[PDB]
Number of protein chains: 2
Amino acid sequence: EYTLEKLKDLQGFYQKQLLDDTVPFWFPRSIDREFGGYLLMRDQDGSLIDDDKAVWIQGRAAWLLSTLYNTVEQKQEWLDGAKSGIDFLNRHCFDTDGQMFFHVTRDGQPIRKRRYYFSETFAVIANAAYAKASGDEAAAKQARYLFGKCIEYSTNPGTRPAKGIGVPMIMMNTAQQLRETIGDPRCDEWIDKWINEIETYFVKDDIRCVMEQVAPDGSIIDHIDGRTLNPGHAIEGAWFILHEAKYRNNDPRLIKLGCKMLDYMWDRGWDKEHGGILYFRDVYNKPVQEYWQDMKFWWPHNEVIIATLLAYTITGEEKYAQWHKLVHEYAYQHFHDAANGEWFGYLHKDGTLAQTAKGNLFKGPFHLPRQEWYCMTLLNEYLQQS
Amino acid sequence: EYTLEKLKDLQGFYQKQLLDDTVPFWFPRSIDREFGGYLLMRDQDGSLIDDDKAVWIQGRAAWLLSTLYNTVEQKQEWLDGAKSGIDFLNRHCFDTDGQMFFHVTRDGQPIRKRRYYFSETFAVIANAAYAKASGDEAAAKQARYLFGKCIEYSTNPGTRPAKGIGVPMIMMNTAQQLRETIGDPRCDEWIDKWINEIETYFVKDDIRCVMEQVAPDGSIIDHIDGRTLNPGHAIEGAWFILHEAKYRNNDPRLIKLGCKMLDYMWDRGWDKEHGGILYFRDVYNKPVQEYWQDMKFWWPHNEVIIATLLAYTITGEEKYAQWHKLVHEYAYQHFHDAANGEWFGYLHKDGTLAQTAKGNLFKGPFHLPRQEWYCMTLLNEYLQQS
Ligand SMILES: [Cl-]
Ligand SMILES: [Cl-]
């Protein structure tokens with residue numbers, strides 16, 4: 001399967017895709033010079049379908065620009081672009097009670113506020129990465145403050161109580177990004193707790209499944225919502241854990257855990273008729289009720305590309321190279337827009353395009369550039385060690 | 001052409017489908033003998049995929065059974081079934097603040113409560129129809145009490161205010177059902193206000209569109225949510241208005257209003273590539289972001305079948321017979337399950353089945369049986385006058 005020359009070609013592919021295709025689609029043109037932050041809700045040709053701003057994606061974009069500055073090239077325009085988002089978050093995206101908005105207008109007026117703290121987690125990683133890039137001590141302090149607030153909420157996130165895997169997952173990745181940028185003494189211990197929560201409550205070895213939600217004792221909630229799985233989301237967590245495994249000196253327990261989550265959810269998620277990762281499944285193969293259950297979204301593919309390549313480089317198991325080849329070829333052939341750049345977001349089960357937009361309230365410069373950046377970086381490291 | 005002969009055939013077809021196929025799929029087996037209410041979340045073969053109870057659908061089902069008893073046949077089984085749903089609503093489906101739940105367990109414990117009051121409107125029409133079928137004065141008083149509360153809610157309620165067409169539409173049909181069962185002196189004057197609201201704010205003659213939401217002054221909100229249209233929903237409102245026109249001795253002004261709404265949204269909503277009514281469209285033909293925008297759902301087809309047949313019997317315009325033939329043939333050929341009865345809910349754009357369930361949190365014994373019952377009784381009245 002994958003030779004070193006082939007992995008060298010893959011490294012260059014992800015690098016050139018990231019820097020010559022994906023990032024230029026968004027930046028610098030998406031930087032809103034008049035109001036700050038980013039205009040990211042763009043059609044296939046780059047034209048705007050909306051001038052609203054999703055607060056999560058403002059933070060994700062600021063994180064990406066800072067991360068490119070810190071790990072790829074110290075381009076002033078990326079630093080300036082990151083600062084524009086940080087400033088927009090601080091100036092407009094916090095309510096008087098200190099909680100962040102979810103959805104604001106171009107000029108920063110609030111449209112939606114969600115009880116969630118997920119906006120805050122993306123402000124943490126954005127401020128952490130920006131603090132590293134710029135030396136801004138205020139951004140460092142904000143990142144560490146909000147991290148604690150996020151921890152606080154995570155301990156305490158209605159006759160059918162359920163806990164969701166997304167809390168430990170997002171907190172783990174937030175803690176990882178905080179560690180890898182400016183550092184914080186809480187990161188490693190809490191990551192341990194969040195991994196233990198994922199393993200204990202959400203990974204079911206007897207049925208080879210990773211749950212999206214469970215009851216507080218870990219039991220499966222046998223109702224429509226509780227049965228609904230998201231393979232791409234579970235495999236996102238799997239590679240967060242494989243990432244942690246490497247940091248922890250290739251810890252065999254964490255390698256085993258990440259790999260089995262990936263194994264379980266590749267089997268449940270990969271569409272053997274049409275190819276690609278199904279968005280939702282049902283733990284007992286009852287019909288999934290969420291309407292988009294069999295659609296092919298971009299971001300599950302981004303996460304499975306990372307996970308399979310990461311699993312392959314860590315374990316050397318050829319099957320992960322075979323799965324990587326499958327999902328990589330599937331995703332780049334079906335989502336990538338060779339004419340205008342970047343990726344479509346939304347395909348039907350059979351791979352035909354459902355609509356042409358490349359950015360909206362949920363899609364922006366995050367999952368795809370993170371995958372291309374992470375894979376380019378991973379392979380550079382891997383090839384240096386070979 | 002739609003001859004009297006063809007319309008007689010259709011009349012018998014809808015009657016046979018309603019009584020030999022649609023209703024038997026649900027009743028009596030869906031009657032929850034232990035806890036009351038109805039077990040309606042069923043797979044294609046009738047097996048339960050969940051024992052939860054959607055409060056809207058408990059009221060809709062009680063309304064249907066009462067309506068059948070009143071207008072088709074005084075089956076004791078239907079009356080007893082209607083009372084089961086009424087009692088379940090009264091016993092379990094009101095919160096301590098007087099607002100109704102949206103989603104409860106089999107035994108009536110709350111799962112979810114929504115800010116809307118659509119639960120209440122379906123309790124109105126259920127109690128009204130049951131009050132007529134049984135002479136229960138408590139149900140009649142309840143229907144009128146809840147109706148008054150819905151009126152207050154509708155008149156006595158973010159930097160982007162929007163008003164939705166669903167409120168005046170649902171309130172209109174609620175009032176119509178109240179009028180046609182037990183009567184209420186407020187029905188006609190409030191229907192007039194709601195029709196005026198629909199015509200003034202949501203119907204756009206210049207661009208031939210019916211909006212889902214507009215700004216308080218009626219202007220189009222040129223953002224993703226504000227641009228999103230629902231042709232089936234607009235056409236549901238169209239036939240509510242055509243129904244009112246008939247009630248008002250074929251009021252030509254309401255005929256024109258209902259017909260232009262139908263004309264506008266047939267043109268925007270009918271899928272010329274694959275057939276069927278698309279779920280969402282965009283007023284300016286920008287890409288629609290809601291994931292299921294191009295799926296083919298059962299209930300838009302139910303409503304367009306009513307609207308086209310009603311428009312045809314009222315106006316005699318052959319185009320509405322042509323449109324009815326198209327949507328009738330499309331819907332019964334694609335959604336109807338000849339093997340087990342009733343209709344699948346969810347098809348892809350190209351008409352292929354997305355999943356097999358026939359009842360869930362949103363689909364149950366309502367839109368389809370209402371369409372078959374309404375078309376059967378409409379054609380019976382129409383052919384009695386020829
Ligand atoms: Cl994204
Ligand atoms: Cl329904």
# chains A, B, ... in the order shown; residues from 1 in each chain; ligands from 1
$ residues_around --residues "range 223-229 of chain B" --least-positions-apart "5" --cutoff "8 Å" --atoms "only C-alpha atoms" --output "PDB file with N, CA and C atoms, in the first residue's frame"
ATOM      1  N   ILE A  49     -23.501  34.706   0.335  1.00  0.00           N
ATOM      2  CA  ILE A  49     -24.929  34.438   0.453  1.00  0.00           C
ATOM      3  C   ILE A  49     -25.519  35.099   1.682  1.00  0.00           C
ATOM      4  N   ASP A  50     -24.687  35.688   2.543  1.00  0.00           N
ATOM      5  CA  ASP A  50     -25.114  36.293   3.794  1.00  0.00           C
ATOM      6  C   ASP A  50     -23.900  37.024   4.345  1.00  0.00           C
ATOM      7  N   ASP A  51     -24.135  38.133   5.046  1.00  0.00           N
ATOM      8  CA  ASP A  51     -23.055  38.836   5.726  1.00  0.00           C
ATOM      9  C   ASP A  51     -23.083  38.636   7.236  1.00  0.00           C
ATOM     10  N   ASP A  52     -23.879  37.686   7.725  1.00  0.00           N
ATOM     11  CA  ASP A  52     -23.882  37.341   9.142  1.00  0.00           C
ATOM     12  C   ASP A  52     -22.566  36.663   9.537  1.00  0.00           C
TER      13      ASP A  52
ATOM     14  N   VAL B 210     -44.808  33.422  -1.796  1.00  0.00           N
ATOM     15  CA  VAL B 210     -45.370  33.442  -0.452  1.00  0.00           C
ATOM     16  C   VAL B 210     -44.218  33.213   0.511  1.00  0.00           C
ATOM     17  N   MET B 211     -43.975  34.173   1.386  1.00  0.00           N
ATOM     18  CA  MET B 211     -42.873  34.057   2.341  1.00  0.00           C
ATOM     19  C   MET B 211     -43.247  33.167   3.523  1.00  0.00           C
ATOM     20  N   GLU B 212     -42.222  32.612   4.160  1.00  0.00           N
ATOM     21  CA  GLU B 212     -42.370  31.944   5.445  1.00  0.00           C
ATOM     22  C   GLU B 212     -42.242  32.922   6.607  1.00  0.00           C
ATOM     23  N   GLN B 213     -41.314  33.858   6.512  1.00  0.00           N
ATOM     24  CA  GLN B 213     -41.130  34.883   7.524  1.00  0.00           C
ATOM     25  C   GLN B 213     -40.764  36.183   6.831  1.00  0.00           C
ATOM     26  N   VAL B 214     -41.149  37.290   7.474  1.00  0.00           N
ATOM     27  CA  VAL B 214     -40.840  38.625   6.994  1.00  0.00           C
ATOM     28  C   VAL B 214     -40.536  39.449   8.223  1.00  0.00           C
ATOM     29  N   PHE B 280     -37.801  22.946   0.824  1.00  0.00           N
ATOM     30  CA  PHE B 280     -37.457  24.342   0.950  1.00  0.00           C
ATOM     31  C   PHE B 280     -37.007  24.876  -0.401  1.00  0.00           C
ATOM     32  N   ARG B 281     -37.260  26.154  -0.618  1.00  0.00           N
ATOM     33  CA  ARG B 281     -36.681  26.923  -1.711  1.00  0.00           C
ATOM     34  C   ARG B 281     -36.170  28.211  -1.099  1.00  0.00           C
ATOM     35  N   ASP B 282     -35.478  28.994  -1.916  1.00  0.00           N
ATOM     36  CA  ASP B 282     -34.947  30.300  -1.533  1.00  0.00           C
ATOM     37  C   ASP B 282     -35.594  31.366  -2.405  1.00  0.00           C
ATOM     38  N   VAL B 283     -36.049  32.442  -1.775  1.00  0.00           N
ATOM     39  CA  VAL B 283     -36.807  33.463  -2.504  1.00  0.00           C
ATOM     40  C   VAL B 283     -36.004  34.012  -3.680  1.00  0.00           C
ATOM     41  N   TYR B 284     -34.677  34.119  -3.543  1.00  0.00           N
ATOM     42  CA  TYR B 284     -33.841  34.673  -4.601  1.00  0.00           C
ATOM     43  C   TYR B 284     -33.009  33.603  -5.294  1.00  0.00           C
ATOM     44  N   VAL B 288     -30.161  26.897  -0.739  1.00  0.00           N
ATOM     45  CA  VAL B 288     -30.838  26.726   0.536  1.00  0.00           C
ATOM     46  C   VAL B 288     -29.933  25.929   1.473  1.00  0.00           C
ATOM     47  N   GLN B 289     -29.769  26.424   2.689  1.00  0.00           N
ATOM     48  CA  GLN B 289     -28.806  25.831   3.616  1.00  0.00           C
ATOM     49  C   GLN B 289     -29.400  24.725   4.479  1.00  0.00           C
TER      50      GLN B 289
END
$ closest_atom_pairs --of "chain B" --to "chain A" --cutoff "9 Å" --atoms "only C-alpha atoms" --output "tab-separated table"
residue	atom	partner	partner_atom	distance
B:43	CA	A:287	CA	7.6
B:49	CA	A:286	CA	6.9
B:50	CA	A:223	CA	5.6
B:51	CA	A:223	CA	7.9
B:52	CA	A:223	CA	7.8
B:105	CA	A:159	CA	8.8
B:109	CA	A:159	CA	6.7
B:110	CA	A:159	CA	6.2
B:111	CA	A:158	CA	5.3
B:112	CA	A:158	CA	6.9
B:158	CA	A:111	CA	4.8
B:159	CA	A:111	CA	5.9
B:160	CA	A:111	CA	6.6
B:222	CA	A:50	CA	7.7
B:223	CA	A:50	CA	5.5
B:224	CA	A:50	CA	6.6
B:286	CA	A:49	CA	6.9
B:287	CA	A:355	CA	5.7
B:288	CA	A:355	CA	6.9
B:289	CA	A:360	CA	7.3
B:291	CA	A:292	CA	6.3
B:292	CA	A:292	CA	6.2
B:293	CA	A:354	CA	8.5
B:294	CA	A:354	CA	7.3
B:295	CA	A:291	CA	8.6
B:346	CA	A:291	CA	7.7
B:348	CA	A:348	CA	8.0
B:349	CA	A:348	CA	8.7
B:354	CA	A:294	CA	7.3
B:355	CA	A:287	CA	5.8
B:356	CA	A:287	CA	6.2
B:357	CA	A:287	CA	6.4
B:360	CA	A:289	CA	7.3
B:361	CA	A:289	CA	8.6
$ write_last_selection --atoms "N, CA, C and O atoms" --output "tab-separated table (two decimals), in the first residue's frame"
chain	number	residue	atom	x	y	z
B	43	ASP	N	-42.50	1.71	12.49
B	43	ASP	CA	-41.74	1.43	11.29
B	43	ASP	C	-42.70	1.02	10.18
B	43	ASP	O	-43.92	0.96	10.36
B	49	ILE	N	-40.82	1.80	16.86
B	49	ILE	CA	-39.42	2.17	17.03
B	49	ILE	C	-39.19	3.03	18.27
B	49	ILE	O	-38.04	3.37	18.59
B	50	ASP	N	-40.26	3.36	18.99
B	50	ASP	CA	-40.22	4.21	20.18
B	50	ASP	C	-41.62	4.19	20.78
B	50	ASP	O	-42.61	4.13	20.04
B	51	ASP	N	-41.70	4.24	22.11
B	51	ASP	CA	-43.00	4.35	22.77
B	51	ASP	C	-43.28	5.76	23.29
B	51	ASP	O	-44.28	5.97	23.99
B	52	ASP	N	-42.44	6.73	22.94
B	52	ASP	CA	-42.73	8.12	23.28
B	52	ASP	C	-43.99	8.59	22.57
B	52	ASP	O	-44.49	7.97	21.63
B	105	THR	N	-43.15	10.92	27.49
B	105	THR	CA	-42.98	9.48	27.51
B	105	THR	C	-44.31	8.76	27.38
B	105	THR	O	-45.39	9.36	27.42
B	109	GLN	N	-44.64	11.46	31.14
B	109	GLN	CA	-43.64	12.31	31.77
B	109	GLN	C	-43.02	13.23	30.73
B	109	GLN	O	-42.84	12.83	29.57
B	110	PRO	N	-42.69	14.46	31.10
B	110	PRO	CA	-42.23	15.42	30.09
B	110	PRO	C	-40.82	15.12	29.61
B	110	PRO	O	-39.92	14.81	30.40
B	111	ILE	N	-40.63	15.20	28.31
B	111	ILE	CA	-39.32	15.13	27.68
B	111	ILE	C	-38.90	16.50	27.16
B	111	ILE	O	-37.78	16.95	27.39
B	112	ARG	N	-39.79	17.19	26.45
B	112	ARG	CA	-39.45	18.47	25.87
B	112	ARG	C	-40.67	19.38	25.87
B	112	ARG	O	-41.81	18.93	25.70
B	158	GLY	N	-32.89	39.38	20.36
B	158	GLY	CA	-32.74	39.38	18.92
B	158	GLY	C	-32.96	40.74	18.28
B	158	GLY	O	-33.96	41.41	18.54
B	159	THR	N	-32.01	41.16	17.45
B	159	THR	CA	-32.06	42.45	16.77
B	159	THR	C	-32.65	42.35	15.36
B	159	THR	O	-32.66	43.34	14.62
B	160	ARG	N	-33.14	41.19	14.98
B	160	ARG	CA	-33.72	40.96	13.66
B	160	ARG	C	-35.09	40.35	13.89
B	160	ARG	O	-35.28	39.13	13.73
B	222	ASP	N	-33.26	39.52	3.88
B	222	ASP	CA	-32.31	38.96	2.91
B	222	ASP	C	-31.14	38.32	3.66
B	222	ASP	O	-30.00	38.77	3.59
B	223	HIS	N	-31.47	37.24	4.36
B	223	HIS	CA	-30.51	36.39	5.06
B	223	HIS	C	-31.02	34.96	4.93
B	223	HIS	O	-32.14	34.73	4.50
B	224	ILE	N	-30.15	34.01	5.27
B	224	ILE	CA	-30.41	32.60	4.97
B	224	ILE	C	-31.78	32.15	5.48
B	224	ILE	O	-32.59	31.60	4.73
B	286	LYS	N	-30.91	31.65	-4.17
B	286	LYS	CA	-29.65	31.31	-3.53
B	286	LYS	C	-29.72	29.87	-3.02
B	286	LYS	O	-30.80	29.32	-2.83
B	287	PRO	N	-28.57	29.23	-2.82
B	287	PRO	CA	-28.60	27.86	-2.30
B	287	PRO	C	-29.24	27.83	-0.92
B	287	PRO	O	-28.89	28.62	-0.05
B	288	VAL	N	-30.16	26.90	-0.74
B	288	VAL	CA	-30.84	26.73	0.54
B	288	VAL	C	-29.93	25.93	1.47
B	288	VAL	O	-29.43	24.86	1.11
B	289	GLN	N	-29.77	26.42	2.69
B	289	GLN	CA	-28.81	25.83	3.62
B	289	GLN	C	-29.40	24.73	4.48
B	289	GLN	O	-28.67	23.83	4.87
B	291	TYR	N	-30.60	21.36	5.62
B	291	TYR	CA	-30.02	20.19	4.97
B	291	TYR	C	-31.02	19.44	4.12
B	291	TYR	O	-30.66	18.90	3.07
B	292	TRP	N	-32.29	19.39	4.54
B	292	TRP	CA	-33.29	18.58	3.86
B	292	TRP	C	-34.07	19.36	2.81
B	292	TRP	O	-35.15	18.93	2.40
B	293	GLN	N	-33.49	20.46	2.32
B	293	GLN	CA	-34.22	21.36	1.43
B	293	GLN	C	-34.76	20.65	0.19
B	293	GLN	O	-35.84	21.00	-0.29
B	294	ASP	N	-34.01	19.70	-0.39
B	294	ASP	CA	-34.46	19.09	-1.63
B	294	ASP	C	-35.09	17.71	-1.44
B	294	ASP	O	-35.44	17.06	-2.43
B	295	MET	N	-35.33	17.30	-0.20
B	295	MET	CA	-36.01	16.05	0.04
B	295	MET	C	-37.50	16.15	-0.26
B	295	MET	O	-38.09	17.23	-0.31
B	346	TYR	N	-40.30	9.97	4.01
B	346	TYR	CA	-39.08	10.68	3.66
B	346	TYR	C	-38.42	10.04	2.45
B	346	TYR	O	-37.98	8.90	2.53
B	348	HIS	N	-35.60	10.87	-0.88
B	348	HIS	CA	-34.60	11.76	-1.45
B	348	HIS	C	-35.22	12.59	-2.57
B	348	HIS	O	-36.33	12.33	-3.04
B	349	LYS	N	-34.47	13.59	-3.03
B	349	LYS	CA	-34.93	14.41	-4.14
B	349	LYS	C	-35.38	13.56	-5.33
B	349	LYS	O	-36.41	13.83	-5.94
B	354	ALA	N	-35.63	7.30	1.74
B	354	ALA	CA	-34.52	7.64	2.62
B	354	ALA	C	-34.48	6.77	3.88
B	354	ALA	O	-33.39	6.38	4.33
B	355	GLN	N	-35.63	6.49	4.46
B	355	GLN	CA	-35.75	5.60	5.60
B	355	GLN	C	-37.19	5.11	5.64
B	355	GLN	O	-38.05	5.63	4.94
B	356	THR	N	-37.45	4.11	6.47
B	356	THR	CA	-38.66	3.32	6.34
B	356	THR	C	-39.76	3.69	7.32
B	356	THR	O	-40.83	3.08	7.27
B	357	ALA	N	-39.53	4.63	8.23
B	357	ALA	CA	-40.49	4.85	9.30
B	357	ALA	C	-41.74	5.54	8.78
B	357	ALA	O	-41.71	6.33	7.84
B	360	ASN	N	-43.20	9.20	13.74
B	360	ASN	CA	-42.09	9.58	14.61
B	360	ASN	C	-42.54	10.79	15.44
B	360	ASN	O	-43.71	10.89	15.79
B	361	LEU	N	-41.60	11.70	15.73
B	361	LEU	CA	-41.98	12.90	16.48
B	361	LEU	C	-42.82	13.87	15.67
B	361	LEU	O	-43.44	14.77	16.26
$ atom_distance --atom1 "CA of residue 134 in chain B" --atom2 "CA of residue 80 in chain B"
9.7 Å
$ residues_around --residues "residue 129 in chain B" --least-positions-apart "5" --cutoff "8 Å" --atoms "only C-alpha atoms" --output "PDB file with N, CA and C atoms, in the first residue's frame"
ATOM      1  N   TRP B  63     -58.294  14.330  17.133  1.00  0.00           N
ATOM      2  CA  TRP B  63     -59.097  15.110  16.203  1.00  0.00           C
ATOM      3  C   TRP B  63     -59.552  14.256  15.029  1.00  0.00           C
ATOM      4  N   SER B  66     -62.294  11.639  16.024  1.00  0.00           N
ATOM      5  CA  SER B  66     -63.553  12.334  16.252  1.00  0.00           C
ATOM      6  C   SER B  66     -64.164  12.783  14.932  1.00  0.00           C
ATOM      7  N   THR B  67     -63.341  13.352  14.048  1.00  0.00           N
ATOM      8  CA  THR B  67     -63.823  13.806  12.749  1.00  0.00           C
ATOM      9  C   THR B  67     -64.407  12.654  11.945  1.00  0.00           C
ATOM     10  N   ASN B  70     -67.720  11.803  13.296  1.00  0.00           N
ATOM     11  CA  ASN B  70     -68.722  12.819  13.006  1.00  0.00           C
ATOM     12  C   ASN B  70     -69.134  12.817  11.540  1.00  0.00           C
ATOM     13  N   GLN B 177     -61.929  24.801  12.290  1.00  0.00           N
ATOM     14  CA  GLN B 177     -62.369  23.538  12.868  1.00  0.00           C
ATOM     15  C   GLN B 177     -63.279  23.775  14.062  1.00  0.00           C
ATOM     16  N   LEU B 178     -62.958  24.776  14.880  1.00  0.00           N
ATOM     17  CA  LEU B 178     -63.839  25.150  15.980  1.00  0.00           C
ATOM     18  C   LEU B 178     -65.211  25.556  15.459  1.00  0.00           C
ATOM     19  N   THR B 181     -67.346  22.505  14.110  1.00  0.00           N
ATOM     20  CA  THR B 181     -67.723  21.461  15.056  1.00  0.00           C
ATOM     21  C   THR B 181     -68.719  21.987  16.078  1.00  0.00           C
ATOM     22  N   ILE B 182     -68.288  22.819  17.022  1.00  0.00           N
ATOM     23  CA  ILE B 182     -69.163  23.284  18.092  1.00  0.00           C
ATOM     24  C   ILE B 182     -69.496  24.767  17.985  1.00  0.00           C
TER      25      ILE B 182
END
$ residues_near_ligand --ligand "ligand 2" --cutoff "12 Å" --atoms "only C-alpha atoms and all ligand atoms" --output "number ranges by chain"
B: 22, 26, 40-41, 54, 56-61, 64, 297-303, 342-346, 358-371
$ residues_around --residues "residue 144 in chain A" --least-positions-apart "2" --cutoff "12 Å" --atoms "only C-alpha atoms" --output "PyMOL selection string"
chain A and resi 120-121+123-129+131+137-142+146-151+174-175+177-179+181-187
$ write_last_selection --atoms "C-alpha atoms" --output "tab-separated table (two decimals), in the first residue's frame"
chain	number	residue	atom	x	y	z
A	120	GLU	CA	-16.33	29.80	24.56
A	121	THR	CA	-14.24	26.71	23.73
A	123	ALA	CA	-12.58	31.47	21.91
A	124	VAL	CA	-10.15	29.57	24.14
A	125	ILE	CA	-8.28	27.91	21.28
A	126	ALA	CA	-8.37	31.10	19.19
A	127	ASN	CA	-6.99	33.24	22.01
A	128	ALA	CA	-4.44	30.58	22.97
A	129	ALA	CA	-3.08	30.28	19.45
A	131	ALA	CA	-1.36	34.64	22.23
A	137	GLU	CA	-0.74	38.54	27.36
A	138	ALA	CA	-4.39	39.61	27.47
A	139	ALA	CA	-5.28	36.85	25.01
A	140	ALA	CA	-3.33	34.33	27.09
A	141	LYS	CA	-5.17	35.37	30.25
A	142	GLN	CA	-8.55	35.24	28.51
A	146	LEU	CA	-12.41	30.83	29.77
A	147	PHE	CA	-10.83	27.38	29.90
A	148	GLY	CA	-11.71	27.24	33.58
A	149	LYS	CA	-15.23	28.46	32.90
A	150	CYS	CA	-15.57	25.72	30.27
A	151	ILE	CA	-14.27	23.15	32.73
A	174	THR	CA	-9.53	22.58	23.63
A	175	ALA	CA	-7.11	21.39	26.30
A	177	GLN	CA	-4.70	23.18	21.76
A	178	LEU	CA	-4.14	25.16	24.96
A	179	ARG	CA	-1.23	22.88	25.85
A	181	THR	CA	0.22	26.86	22.22
A	182	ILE	CA	0.65	28.67	25.54
A	183	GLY	CA	0.31	25.83	28.07
A	184	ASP	CA	-1.84	25.50	31.17
A	185	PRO	CA	-1.22	23.27	34.23
A	186	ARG	CA	-4.75	21.84	34.10
A	187	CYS	CA	-4.55	20.33	30.61
$ residues_around --residues "residue 373 in chain A" --least-positions-apart "6" --cutoff "12 Å" --atoms "only C-alpha atoms" --output "list in words"
residues 10, 11, 12, 13, 14, 15, 16, 17, 18, 19, 22, 23, 64, 65, 67, 68, 69, 70, 71, 72, 302, 305, 306, 365, 366, 367, 379 and 380 of chain A
$ residues_around --residues "residue 321 in chain A" --least-positions-apart "6" --cutoff "12 Å" --atoms "only C-alpha atoms" --output "list in words"
residues 1, 2, 3, 6, 7, 10, 304, 305, 306, 307, 308, 309, 310, 311, 312, 313, 314, 315, 327, 328 and 329 of chain A
$ write_last_selection --atoms "N, CA, C and O atoms" --output "CSV table (one decimal), in the first residue's frame"
chain,number,residue,atom,x,y,z
A,1,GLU,N,0.8,-1.2,0.0
A,1,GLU,CA,0.0,0.0,0.0
A,1,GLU,C,0.9,1.3,0.0
A,1,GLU,O,1.5,1.6,-1.0
A,2,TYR,N,1.0,1.9,1.1
A,2,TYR,CA,1.7,3.2,1.2
A,2,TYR,C,3.2,3.0,1.4
A,2,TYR,O,3.6,2.5,2.4
A,3,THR,N,3.9,3.4,0.4
A,3,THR,CA,5.4,3.5,0.4
A,3,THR,C,5.8,4.9,1.0
A,3,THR,O,5.0,5.8,1.1
A,6,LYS,N,5.2,7.4,-1.6
A,6,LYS,CA,3.7,7.7,-1.6
A,6,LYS,C,3.3,8.7,-0.5
A,6,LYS,O,2.5,9.6,-0.7
A,7,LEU,N,3.8,8.4,0.7
A,7,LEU,CA,3.6,9.3,1.8
A,7,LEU,C,4.2,10.7,1.6
A,7,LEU,O,3.6,11.7,2.0
A,10,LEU,N,1.8,12.4,-0.6
A,10,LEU,CA,0.6,12.8,0.2
A,10,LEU,C,0.9,14.0,1.0
A,10,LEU,O,0.1,14.9,1.1
A,304,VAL,N,-12.3,11.5,9.4
A,304,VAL,CA,-11.9,10.2,9.2
A,304,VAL,C,-10.6,10.1,8.4
A,304,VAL,O,-9.8,9.2,8.5
A,305,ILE,N,-10.4,11.1,7.5
A,305,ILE,CA,-9.1,11.2,6.8
A,305,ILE,C,-7.9,11.3,7.9
A,305,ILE,O,-6.9,10.6,7.8
A,306,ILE,N,-8.1,12.2,8.8
A,306,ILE,CA,-7.1,12.4,9.9
A,306,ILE,C,-6.9,11.1,10.6
A,306,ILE,O,-5.8,10.6,10.8
A,307,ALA,N,-8.0,10.5,11.1
A,307,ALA,CA,-8.0,9.4,12.0
A,307,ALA,C,-7.3,8.2,11.4
A,307,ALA,O,-6.5,7.6,12.0
A,308,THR,N,-7.7,7.9,10.1
A,308,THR,CA,-7.1,6.7,9.5
A,308,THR,C,-5.6,6.9,9.2
A,308,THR,O,-4.8,6.0,9.4
A,309,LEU,N,-5.2,8.1,8.7
A,309,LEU,CA,-3.8,8.4,8.5
A,309,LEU,C,-3.0,8.3,9.8
A,309,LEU,O,-2.0,7.8,9.9
A,310,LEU,N,-3.6,9.0,10.8
A,310,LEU,CA,-2.9,9.0,12.1
A,310,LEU,C,-2.8,7.6,12.7
A,310,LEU,O,-1.8,7.1,13.1
A,311,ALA,N,-3.9,6.8,12.6
A,311,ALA,CA,-3.9,5.4,13.1
A,311,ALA,C,-2.8,4.6,12.3
A,311,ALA,O,-2.1,3.8,12.9
A,312,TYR,N,-2.7,4.9,11.0
A,312,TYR,CA,-1.7,4.2,10.2
A,312,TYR,C,-0.3,4.5,10.6
A,312,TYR,O,0.5,3.6,10.8
A,313,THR,N,0.0,5.8,10.8
A,313,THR,CA,1.4,6.1,11.2
A,313,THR,C,1.7,5.6,12.6
A,313,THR,O,2.9,5.3,12.8
A,314,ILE,N,0.7,5.5,13.5
A,314,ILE,CA,1.0,5.1,14.8
A,314,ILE,C,1.2,3.6,14.9
A,314,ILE,O,2.1,3.1,15.6
A,315,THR,N,0.3,2.8,14.2
A,315,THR,CA,0.3,1.4,14.4
A,315,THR,C,0.9,0.6,13.2
A,315,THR,O,1.3,-0.6,13.4
A,327,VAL,N,-11.3,6.8,1.9
A,327,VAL,CA,-12.0,8.0,2.3
A,327,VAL,C,-11.4,9.3,1.7
A,327,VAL,O,-12.0,10.2,1.3
A,328,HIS,N,-10.0,9.3,1.6
A,328,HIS,CA,-9.3,10.3,0.9
A,328,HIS,C,-9.8,10.5,-0.6
A,328,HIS,O,-10.2,11.5,-1.0
A,329,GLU,N,-9.7,9.4,-1.3
A,329,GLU,CA,-10.1,9.4,-2.7
A,329,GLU,C,-11.6,9.8,-2.8
A,329,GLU,O,-12.0,10.6,-3.6
$ select_by_dssp --residues "range 162-283 of chain A" --states "helix (DSSP H, G or I)" --output "number ranges by chain"
A: 166-181, 187-202, 224-227, 231-247, 252-269
$ residues_around --residues "residue 216 in chain A" --least-positions-apart "6" --cutoff "9 Å" --atoms "only C-alpha atoms" --output "list in words"
residues 161, 162, 163 and 201 of chain A
$ atom_distance --atom1 "CA of residue 337 in chain B" --atom2 "CA of residue 122 in chain B"
27.2 Å
$ select_by_dssp --residues "range 212-310 of chain A" --states "strand (DSSP E)" --output "PyMOL selection string"
chain A and resi 213-214+228-229+281-282+296-297
